[PDB]
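There is one chain below, alone, in structure tokens, taken in the form deposited in one PDB entry.
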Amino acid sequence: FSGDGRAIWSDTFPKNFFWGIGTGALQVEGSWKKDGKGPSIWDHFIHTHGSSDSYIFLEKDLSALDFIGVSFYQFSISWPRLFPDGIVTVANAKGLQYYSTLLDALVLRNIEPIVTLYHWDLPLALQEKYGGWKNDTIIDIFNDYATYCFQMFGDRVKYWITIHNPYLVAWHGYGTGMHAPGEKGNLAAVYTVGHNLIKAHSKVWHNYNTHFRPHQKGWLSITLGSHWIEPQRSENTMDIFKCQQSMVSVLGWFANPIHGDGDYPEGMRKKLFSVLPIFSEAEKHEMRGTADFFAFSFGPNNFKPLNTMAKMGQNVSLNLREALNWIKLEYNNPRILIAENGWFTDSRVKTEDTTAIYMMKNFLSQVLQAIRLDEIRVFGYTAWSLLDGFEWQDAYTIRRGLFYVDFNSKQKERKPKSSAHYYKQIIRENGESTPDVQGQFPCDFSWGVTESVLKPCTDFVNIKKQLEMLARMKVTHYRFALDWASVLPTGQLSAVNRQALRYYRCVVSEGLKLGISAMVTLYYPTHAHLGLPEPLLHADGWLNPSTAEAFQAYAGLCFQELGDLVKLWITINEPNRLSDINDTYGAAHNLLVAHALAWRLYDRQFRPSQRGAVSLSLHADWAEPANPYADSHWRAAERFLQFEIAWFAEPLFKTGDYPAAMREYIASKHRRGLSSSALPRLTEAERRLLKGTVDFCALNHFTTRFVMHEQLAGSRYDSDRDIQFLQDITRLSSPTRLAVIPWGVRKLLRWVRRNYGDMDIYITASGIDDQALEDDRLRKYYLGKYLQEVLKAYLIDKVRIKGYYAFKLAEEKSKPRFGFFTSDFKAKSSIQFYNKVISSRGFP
């Protein structure tokens, strides 16, 4: 009932579900005057203010339907193509054959047709002589036209629609002057046209229900469009009451007289008491329930342009799940048919429609959510459109069809787009990873946590709080870094803060008590504190090769003073993430040389004395193409990994020079001028210094990006790899949009082993943020689902994985809540789920 839907604001589709795809007639057919066709209201509206040629290329459209394999195909009948004047006399000879041969082949192909009698292409004679929907004599003319199609087409058509979105016919045809006939600002004609459009449907329904439904046994309804709206405040009720009045004004306008009680909503009658026409109580009984089902439209026609709806100062939304929830509550749980759904793409997107995959992915995800979870009686879904066509006042500037059609080509070949392949698999499956592993980790596995820059034995206050945090965990290791600018403030070995080195020694010595073998990081840059000593940053920072020489002097200082207890060393922590901070390759050039000098200083002098291991931690985010149907994304998927992992790997692991794929691609951009930068070419000596300067592999893996292709402009680093990233609102994301994708680490641990031989691998940073501070359910799901994947690679792919370090042991007051402990160092529930996996050593 009306007014009840306001409470909405507070994985396989069912069998025998109707998968289909629909078009119009003015957008797709073309040939507006061939074979003695009458002029439509738009034909005069276009020529005063070809196309897809589907009227002649029907066999090419039949092949397109067999590709997707749809159960139904929604098309409208051009009223002036049968009767040029609208008066039912005798249909056109050639025009009748088109819809006859169309309905014949669809039944031959087991494609049940769904026909709409009016799709905004009204004959110009009824608009010129009578006046269109302003004069009410057309009500019995549309009923006459409906009778003709009920006779000669009713035997093959068992699903009929009267008007396709009558809200736009009145509001945009007589209010905004956007659609045909195009009259801006006519309050009278708007609600009068909306009146006749409701009365014309009821006459056609009672016609079919009493004169053709007995011997044809079909259905008839009306496609009503709407939008969705969210309040500017969840707690506010007036902001929610304003949303209820918004949906009523656009959806309840045509649904209450048809699906509700036979009259306009109470809010509409009260708002426009003297403008909205009156439904006699005799009319109310002859209109309530004139719909066998509830055809529904949810496309860009009720969202774009901005003047389409009245937002009442609230936020617009595209959530289809709650849109059907409002329909199921306001109209006594009907059986809905989404007769139109999908967004659009610009004309520049030929057949590489990447967003259309993820736009369709949300809707079907929300439709399935409505069916299986919200108990919405949806029995069908209509994709829109089947092929690109004339999109009304937008002309050919946008593309909404699932088949690309070159409008400048004479053959008009329908080439399937990226959404056609995705939608076909959606239909074939009627609705990427692996199950659980069930196995134990090795007893020599390094369970670790991780801190960050710890600015400065039990007398130290900050150590006591951190020492009480490493007691609840059963971690075997502890990863943290040192403030380079706090031991050598001058950046030279003359000034040695002996108090700061004594503080760090008391950290590890107190850790040696607790049994947590430490892993110290000499350098840890970020956006907050860059870390470089002030004289070094004053002297060009990392852009001067003397800073790398200053790192070796600082490295050996920590090696001698801390190598007694520390047996695991990390030089730089995520140096690949310095690009965000040609003028970056040279900076990373010194970051690579500084690592070697810090590693050669340990391998020769301090390795036999202390007997440890030294390496560096790299940003190890896995990548995958954003469109598995566009090849340019597959090649760019590895191009991201080469520009990220191999940038600091092939030198320090394998060859000694930069990755050739990264080195050769940058030159191709500079070849035609795109980049004014060049990757430095190394000599025999520098490559001989960097080669094999690691004792293991360390990775900073958090999530998985979806790279796609684009000719990025600029001479910066991001413009050198020609890559753009796509966020998927379907997949479970984090508060900071970290897409929780577990199967990315397995494909990464497999990529490292294949590329850089069989070495020991360590996961030095793996975590997730969550707004929760006491029951971080996202982290436990993130931790368990990710720890499930590293076990899969160990026991199946035989990857030498030996350590796992959770990202943050604690967080800051205004920092992203990435830690396992609160700002006040209170234990979240994530610690105890970690101990369950550490004590169990995996999942038995």
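All residue numbers are counted from 1 along the displayed sequence.
Checklist entry - How much of the deposited sequence is absent from the coordinates between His49 and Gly50: none, 1 to 3, 4 to 9, or 10 or more residues? => result Gap between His49 and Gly50: 4 to 9 residues without coordinates.
Checklist entry - From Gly431 on to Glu432, does the model leave out none, 1 to 3, 4 to 9, or 10 or more residues of the deposited sequence? => result Gap between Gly431 and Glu432: 4 to 9 unmodelled residues.
Next on the checklist: Tell me which stretch, 622-630 or 468-476, has the higher mean Cα B-factor listed in the entry.
Outcome noted: That would be 468-476.
Next on the checklist: Test of understanding: from the entry's C-alpha B-factors, which stretch has the higher mean, 713-721 or 753-761?
Outcome noted: Per the deposited B-factors, the answer is 713-721.
Item to check | Out of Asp483, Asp292, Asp394, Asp346, highest CA B-factor residue | outcome: It is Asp394.
Next on the checklist: Using only the C-alpha B-factors in the record, can you name which of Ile357, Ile768, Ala739, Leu306 has the highest?
Outcome noted: Of the options given, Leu306 has the highest CA B-factor in the PDB entry.
Next on the checklist: Is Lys15 in the lowest, middle or highest third of its chain when residues are ranked by C-alpha B-factor?
Outcome noted: For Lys15, whose C-alpha B-factor we compare with every modelled residue in the chain, the answer is the highest third.
Checklist entry - Among the modelled residues of its chain, does the C-alpha B-factor of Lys808 lie in the lowest, middle or highest third? => result As the PDB entry reports it, the C-alpha B-factor of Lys808 lands in the middle third of its chain.
Item to check | Chain-relative CA temperature factor third for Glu235 | outcome: CA B-factor rank for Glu235: highest third.
Checklist entry - If you rank every modelled residue in this chain by C-alpha B factor, which third holds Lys780: lowest, middle or highest? => result Its C-alpha B-factor, which the entry lists for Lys780, ranks in the lowest third among residues of this chain.
Item to check | Modelled-residue ranking by C-alpha temperature factor, third containing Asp797 | outcome: It belongs to the middle third of the chain when residues are ordered by C-alpha B-factor.
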